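Below: the structure, in structure tokens.
Here the Cβ positions follow ideal geometry from the backbone for every residue, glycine too, while neighbour counts run over all protein chains shown. Any read-out appearing in this document is the output of simple, stated calculations on the displayed coordinates, not a laboratory observation.
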Amino acid sequence: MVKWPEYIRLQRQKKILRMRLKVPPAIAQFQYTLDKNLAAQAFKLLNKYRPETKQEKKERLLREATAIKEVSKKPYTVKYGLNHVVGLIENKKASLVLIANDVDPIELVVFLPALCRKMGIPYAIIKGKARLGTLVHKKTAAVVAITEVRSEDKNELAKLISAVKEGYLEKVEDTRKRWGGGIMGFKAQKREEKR
Amino acid sequence: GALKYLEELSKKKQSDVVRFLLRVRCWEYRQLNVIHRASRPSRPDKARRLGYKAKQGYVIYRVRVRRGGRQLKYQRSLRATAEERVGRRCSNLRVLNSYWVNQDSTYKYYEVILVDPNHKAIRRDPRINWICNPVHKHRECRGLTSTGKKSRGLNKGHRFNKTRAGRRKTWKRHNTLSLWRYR
Amino acid sequence: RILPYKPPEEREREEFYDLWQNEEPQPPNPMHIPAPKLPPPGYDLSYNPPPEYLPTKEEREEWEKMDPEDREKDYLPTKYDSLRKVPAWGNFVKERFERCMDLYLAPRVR
Amino acid sequence: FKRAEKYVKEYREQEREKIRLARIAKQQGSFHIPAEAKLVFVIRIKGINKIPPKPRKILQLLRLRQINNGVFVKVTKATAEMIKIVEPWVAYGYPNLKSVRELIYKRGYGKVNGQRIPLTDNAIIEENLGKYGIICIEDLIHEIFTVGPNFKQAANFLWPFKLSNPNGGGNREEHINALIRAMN
Amino acid sequence: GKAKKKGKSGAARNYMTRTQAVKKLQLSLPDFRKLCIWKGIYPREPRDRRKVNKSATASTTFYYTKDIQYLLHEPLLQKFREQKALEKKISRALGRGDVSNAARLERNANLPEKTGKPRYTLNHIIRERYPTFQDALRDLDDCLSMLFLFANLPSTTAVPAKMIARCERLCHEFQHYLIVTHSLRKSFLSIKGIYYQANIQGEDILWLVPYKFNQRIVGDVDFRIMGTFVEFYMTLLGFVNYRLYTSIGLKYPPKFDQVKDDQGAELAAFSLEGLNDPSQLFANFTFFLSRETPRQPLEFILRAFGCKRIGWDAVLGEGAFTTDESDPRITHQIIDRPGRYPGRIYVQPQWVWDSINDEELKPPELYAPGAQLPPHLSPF
Amino acid sequence: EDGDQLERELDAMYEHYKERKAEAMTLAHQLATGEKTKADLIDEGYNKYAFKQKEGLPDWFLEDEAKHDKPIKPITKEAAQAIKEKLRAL
RNA sequence: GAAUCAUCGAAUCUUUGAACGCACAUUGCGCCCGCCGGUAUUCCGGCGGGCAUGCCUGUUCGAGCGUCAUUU
RNA sequence: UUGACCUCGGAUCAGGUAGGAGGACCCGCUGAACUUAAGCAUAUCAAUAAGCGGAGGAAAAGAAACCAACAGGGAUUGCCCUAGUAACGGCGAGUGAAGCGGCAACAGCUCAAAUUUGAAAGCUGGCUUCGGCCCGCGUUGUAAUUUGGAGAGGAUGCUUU
């Protein structure tokens, strides 16, 4: 009958393979993603701390230059970048860690949840390196770290930390040391019975 | 630190997670063509230590080559063969380097880092204008890459007496009959 | 080289030359066909016409009964004592749109 | 499907609105305006999905249900009390002469026998009102601008104005002119 | 001896169908219509539609090959692509939530909802279309008529209130030019509205203005092509007004004051500075306009024919002569109703109309209020 | 959701495409002759392809892996003679 | 300001040939943009600009239940 | 419905690039036979001849995972000597270096491995009034610092543009 394109066929076959294959625990805990409410609240705080864009950064630089022509504190902003965030976690400067679930070299992340766990910093895995890259003003980001925020949101930072470290951390902590997969369908069951 | 962790993974590449990843990627490579383009490397740590840069003009090409005997063994390594095939494919680029990425029971898989000599970012960067220079045309063909040096025995010591300065040049130098004016 | 800074309020509140600066006659190409001008308004259109133009009531009823676009004239004369009695015409905008579509959807033949 | 955030938000909105309504009801209904009756045009904006019974009956009297409805009104004691009661949902202020003229001319509809016909004909205007002293649409305009004894009848006859939704264009005395060209 | 096919040769070469033209130009239907109207292209009729295309129908329309070639070689094609990429960028910003970058994107867009001016620059195409200011005056018929329609009409999504306001200001400026130069020559009013004929540089210009009422828009009408026409005639009238005021020496644009305009000055709002039979009709006359009379047409004709002092009711407008009727200065008062100061003469808008048309001071005794009006005549 | 329909389509297309288009005896000899014992057999059976999922995976991918998971082990002329005599029928 | 002069920084540079619109053993056959002359908006003939491949960067367009969301 | 992110493609889109030639010298692949051993098969011829790919005015090599046992030397390269020594060999034919020493020339460096994190400070393209405006790359990492006979960070006080 009809013939599908090569790349489309390959891509659907790859999703079938990912959902069929027996998954090691790292990629399994990658598969286990958090919930909508936690994602939304984290995105709210992260948006209130989104980094300055290039237009307004140059605008404030020109502001300062004109002020020099004719007094601040440390900027608190979300830290982004794989190496920067892993160093921050190693130095225990991070308060919360958010990890993209779809890093297409997956080795870039395999060790990150485990290092976060041992270090002690709470971590979560969210859907969309695209959302990470939109939290920052980029196209994509692998990891997102919250280290320190201003006074007004100490309370909500701590509340979000407690909410994640209980309601996602324990929930996916009871079951994360196993192997995933095993989603065989009806035709798969019949084929295995016949085999 | 992430590159250090990746280096440790590549060290324990026979582990469970790495074996799974190489299995899936081997299936993907078999499904794709013999030679194909990667904008981003499969092993970023290895690419970075070999010299890959996140710049306009650096590309990765992934290539599969038949493995086994040629009982006469083909003296050129499969890495060199892959680099040479990449050269004939894109003769415009310059072969910066190459690294093994995967292997199968019939094909061995390599990723080659290539540099564009006609892009003015590459011209400006004074760490890469050396390969912008015309002396480095077809380094893979002249055996000037790492595999070329390894196969040519370009090392120091008494173990490499015959090849440290060029095998054929050493042969010629030893077999020339020099005759001076005052003999 | 760099303009000194001006805030968005100033930028917001901050934000002609003759067409024929050098004009010479140009011969009209024969291919171009200008659209015919609309006929001048006739004696019939007038709101207060002479009594001769006034139609019969039966003719008015027949005109109202007739379906639109089936009439030779889109209008029949009516007589008004004062300008305030004269009402706005219903299909003024429709006539504007129809003549626009005639200008740019109807072929022109010499 | 509707969620606990919406439940909590709606309940708190209702609670605060009830508290504020009780505050006005207990307090004396005396606004800081001269005792003279004025003319104010009021346009309602969707502020809260659910409305308490007193603001609902006030909005029923002011016939502002369909989206983007506005109407002129007398500034007096009882009307000021009703406006202060319905404050969150209504945005109001002094109209201009040009504003009222343009509003009536661009968007004008007559109410007869529960029907909404446009103000095309002064003949229709007079077949509707006729004997109250109105002679034309301009007569209605002048009555509205300089209120007379027939203002209530004129307001009843004119259909509430349906302003076009703007794309980005408490009490303010004058900016309603900018808003009316914004939605007109 | 060469064999040559019938289909490839002849009328098929000369003419192309609408579908073929749009496929070659590579634009959607609305953008194609906008560009065709912008360049002034009309379909025409070929001699033999079957010869043009064996598969053809009388309903199908054909287009000129050279005209399509010009449409290809108009740079507004490139401007179209850049603008479309710019809505793509503003959608980028809105989706990502970058409010500030979205603000700069709309700044670069210069959209004609805040702008009130054309989104695009049409100076080159209007120059190509009208080689002469004489041709500009010739098209001023439709320009003025259609812009006055838009001055009367309310706003919609396609036609913003700001751009309607700018059209109203342009109409007021043209009226100011007409009253300054006494270019108005004939006035006729019928059930449709008021036709004005003005002589400018030996060219007769006709335009029709409807009465001030709520005009129904029921039916199937497209504002998008109509809004494109708005942009056409707005830009054309702006350029023509600038040229005319330069010719007469008066500076452009004339200044108008916002507070008086808001109170309702209308024509009185604009201020004109000269340096950067008609007049003898009402050369020395004092006129008052009652509450019922058409204020805008009456003042326009009186100022165009040189009546020095006209006043009216306070509710009608702002910036006028003394509103009080008891003032003895008013020689003539226009009243149309179903005071009685002996000094003032009560006359009618039809009296003014016929006096202006005939230029012979038609008897106010014949045109007194309370009596049947004799029928008027059309100057055309 | 479960992917059963898409897997059905992929398998049907693979079947349509298919329609349109010594080592064991050597190991047996090494086990029989006093050369390699049971422990050596499991030691050699721990290969690079050990723990290869084979039941829950699609048939086409399993066939590809079976095509490309063959390790080359040394063979013997005695094993070749044995397999020839075994395959020789009546 | 001569020269079968010297120098030489500026031009012209026919068909082929790595040979590049297709064919090549035809001064043949094609398609897009423009012009010219001869009854010429249609017919004919000629002329100018063009039309190889693989790859790199950028621009644009398209596809993909691969994938993210979007009730405040 | 909409808009992303990723991947895969088309365009007679814009800017470039690869052929071929030459091949005396150079860098690799591939690779004989005649002959000698008074026959001949290992060996020799020869890691040569032919064939294939790839540059320059030189190429290649090159700054020790070196030489050495020193009272140490100190990137690579070429000559003399080492030397017909060591070592290998149908121990026949034969094959056959290297350290050291005297010279010629002599020049050292760039990265990956770190968090700029109190601010991607970096770069491509087109648009120009050529001065500065955008777009894109990019955080899956572009600038500055650093490369193990080192270095970083503070303190410290001198000296250079």
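Evaluated against (1) within 14 Å of chain D (Cβ to nearest Cβ); (2) within 10 Å of the chain's Cα centre (by Cα), E:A158 falls short on exactly one condition, (2). Residues satisfying the criterion are absent from region E:101-111 (criterion: more than 24 Å from E:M163 (Cβ to Cβ), among the small types (G, A, S), out of contact with any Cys (no Cβ under 6 Å at 6 or more places or on another chain) and away from RNA strand G (no atom under 16 Å from the Cβ)).
The single condition among (1) more than 9 Å from RNA strand G (Cβ to nearest atom); (2) more than 14 Å from chain C (Cβ to nearest Cβ); (3) outside any helix (DSSP H, G or I) that E:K4 does not satisfy is (1).
Taken over region E:279-308, the criterion of being more than 23 Å from E:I194 (Cα to Cα) and outside any loop (DSSP other than H, G, I, E, B) is satisfied by E:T286 alone.
State which residue is farthest from the other protein chains (Cβ to nearest Cβ) when the search covers only region C:63-96 and only residues that are part of a helix (DSSP H, G or I) and acidic (D, E). Checked region C:63-96; the qualifying residue farthest from the other protein chains (Cβ to nearest Cβ) is C:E64.
The listed residues are E:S155, E:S145, and the only one of them that is assigned to a loop (DSSP other than H, G, I, E, B), crowded, with 17+ Cβ neighbours inside 10 Å and hydroxyl-bearing (S, T, Y) turns out to be E:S155. Of the helices (runs of 4 or more DSSP H) entirely within region A:95-195, none holds at least 3 residues that are in contact with a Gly (Cβ under 7 Å, 6 or more places away or on another chain) and charged (D, E, K, R).
Within region A:164-188, which residues are more than 29 Å from B:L3 (Cβ to Cβ) and buried (at least 17 other Cβ atoms within 10 Å of the Cβ)? Of everything in region A:164-188, those that are more than 29 Å from B:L3 (Cβ to Cβ) and buried (at least 17 other Cβ atoms within 10 Å of the Cβ) turn out to be A:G181, A:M184, A:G185, A:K187, A:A188.
Just wondering, is there one or more residues in region B:34-50 that are touching a helix residue (DSSP H, G or I) at 6+ places or on another chain (Cβ under 7 Å), within 16 Å of RNA strand G (Cβ to nearest atom), under 24 Å from B:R152 (Cβ atoms) and away from chain F (no Cβ under 14 Å)? No, region B:34-50 has no match at all. Restricting region E:280-297 to residues that are under 29 Å from the mean Cα position of the chain (by Cα) and away from chain C (no Cβ under 14 Å) leaves a set whose member that is farthest from E:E360 (Cα to Cα) is E:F288. Which of the residues spanning region A:1-25 are in a loop (DSSP other than H, G, I, E, B) and within 13 Å of RNA strand G (Cβ to nearest atom)? If the condition is that a residue be in a loop (DSSP other than H, G, I, E, B) and within 13 Å of RNA strand G (Cβ to nearest atom), then A:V2, A:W4, A:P5 are the ones that fit.
Only one entry of F:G56, F:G45 meets the criterion of being surrounded by 10 or more Cβ atoms within 10 Å (Cβ to Cβ), closer than 30 Å to A:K14 by Cα and among the small types (G, A, S), and that entry is F:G56. Number of residues in region B:152-161 that are in a helix (DSSP H, G or I) and near RNA strand H (Cβ under 6 Å from one of its atoms): the value is 2. Between A:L45, A:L21, which is more than 11 Å from every other protein chain (Cβ to nearest Cβ) and surrounded by 14 or more Cβ atoms within 10 Å (Cβ to Cβ)? None of the other options fit; the residue is A:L45. Entry remark, region D:149-173: residues being more than 12 Å from chain E (Cβ to nearest Cβ) and part of a loop (DSSP other than H, G, I, E, B) number 7 in total. Scanning region C:97-110 for any residue that is part of a loop (DSSP other than H, G, I, E, B), β-branched (V, I, T), loosely packed, with under 13 Cβ neighbours inside 10 Å and more than 7 Å from every other protein chain (Cβ to nearest Cβ) turns up nothing. Does C:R60 meet the test of being in contact with a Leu (Cβ under 9 Å, 6 or more places away or on another chain), more than 10 Å from every other protein chain (Cβ to nearest Cβ) and surrounded by fewer than 16 Cβ atoms within 10 Å (Cβ to Cβ)? Yes, satisfied. Please find, within region E:7-43, the residue that is nearest to the other protein chains (Cβ to nearest Cβ) out of those that are of a type in the set (D, E, K, R) and more than 9 Å from RNA strand G (Cβ to nearest atom). Checking each candidate, the answer is E:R33.
In region E:233-258, which residues are β-branched (V, I, T) and either within 11 Å of another protein chain (Cβ to nearest Cβ) or not in a helix (DSSP H, G or I) (or both)? E:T235, E:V240, E:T246, listed by residue number.
Each row is one residue, and each column tells you yes or no for (1) away from RNA strand G (no atom under 16 Å from the Cβ); (2) assigned to a helix (DSSP H, G or I).
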{"position": "A:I27", "(1), (2)": "no, yes"}
{"position": "A:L34", "(1), (2)": "no, no"}
{"position": "A:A42", "(1), (2)": "no, yes"}
{"position": "A:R60", "(1), (2)": "yes, yes"}
{"position": "A:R63", "(1), (2)": "yes, yes"}
{"position": "A:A67", "(1), (2)": "yes, yes"}
{"position": "A:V71", "(1), (2)": "yes, no"}
{"position": "A:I89", "(1), (2)": "yes, yes"}
{"position": "A:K93", "(1), (2)": "yes, no"}
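Among the residues making up region E:209-232, those that are in a loop (DSSP other than H, G, I, E, B) and either facing chain C (nearest Cβ under 8 Å) or within 18 Å of the chain's Cα centre (by Cα) (or both) are E:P210, E:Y211, E:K212, E:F213, E:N214, E:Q215, E:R216, E:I217, E:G219, E:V221, E:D222.
Would you please list the contacts, defined by Cβ atoms under 6 Å and residues six or more apart or on different chains, that run from a residue in region E:336-355 that is away from every other protein chain (no Cβ under 14 Å) to a residue that is crowded, with 20+ Cβ neighbours inside 10 Å and of a type in the set (K, R)? Listed by first residue and then by second, the contacts come to E:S355/E:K362.
Of B:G87, B:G166, B:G143, all but one fail to be touching a helix residue (DSSP H, G or I) at 6+ places or on another chain (Cβ under 9 Å), within 7 Å of RNA strand H (Cβ to nearest atom) and within 30 Å of B:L32 (Cβ to Cβ); the exception is B:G143.
Within the option set E:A102, E:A56, E:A85, being more than 13 Å from chain C (Cβ to nearest Cβ), surrounded by 14 or more Cβ atoms within 10 Å (Cβ to Cβ), in a helix (DSSP H, G or I) and among the hydrophobic types (A, V, I, L, M, F, W, C) holds for one residue only, E:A102.
Of the helices (runs of 4 or more DSSP H) that lie entirely inside region D:48-108, those containing 2 or more residues that are buried (at least 18 other Cβ atoms within 10 Å of the Cβ) and charged (D, E, K, R) span D:97-106. When you check B:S77 against the structure, is it in contact with a helix residue (DSSP H, G or I) (Cβ under 7 Å, 6 or more places away or on another chain) and of a type in the set (S, T, N, Q), yes or no? Taking the combined requirement at face value, the residue satisfies it. Whether a residue is at the interface with another protein chain (Cβ under 8 Å from one of its Cβ atoms) and within 13 Å of the chain's Cα centre (by Cα) was assessed, and E:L153 passes this test.
Quick grid of which residues meet (1) surrounded by fewer than 20 Cβ atoms within 10 Å (Cβ to Cβ); (2) within 10 Å of RNA strand H (Cβ to nearest atom):
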| residue | (1), (2) |
| --- | --- |
| A:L98 | no, no |
| A:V110 | no, no |
| A:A114 | yes, no |
| A:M119 | yes, no |
| A:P122 | no, no |
| A:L132 | no, yes |
| A:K139 | yes, yes |
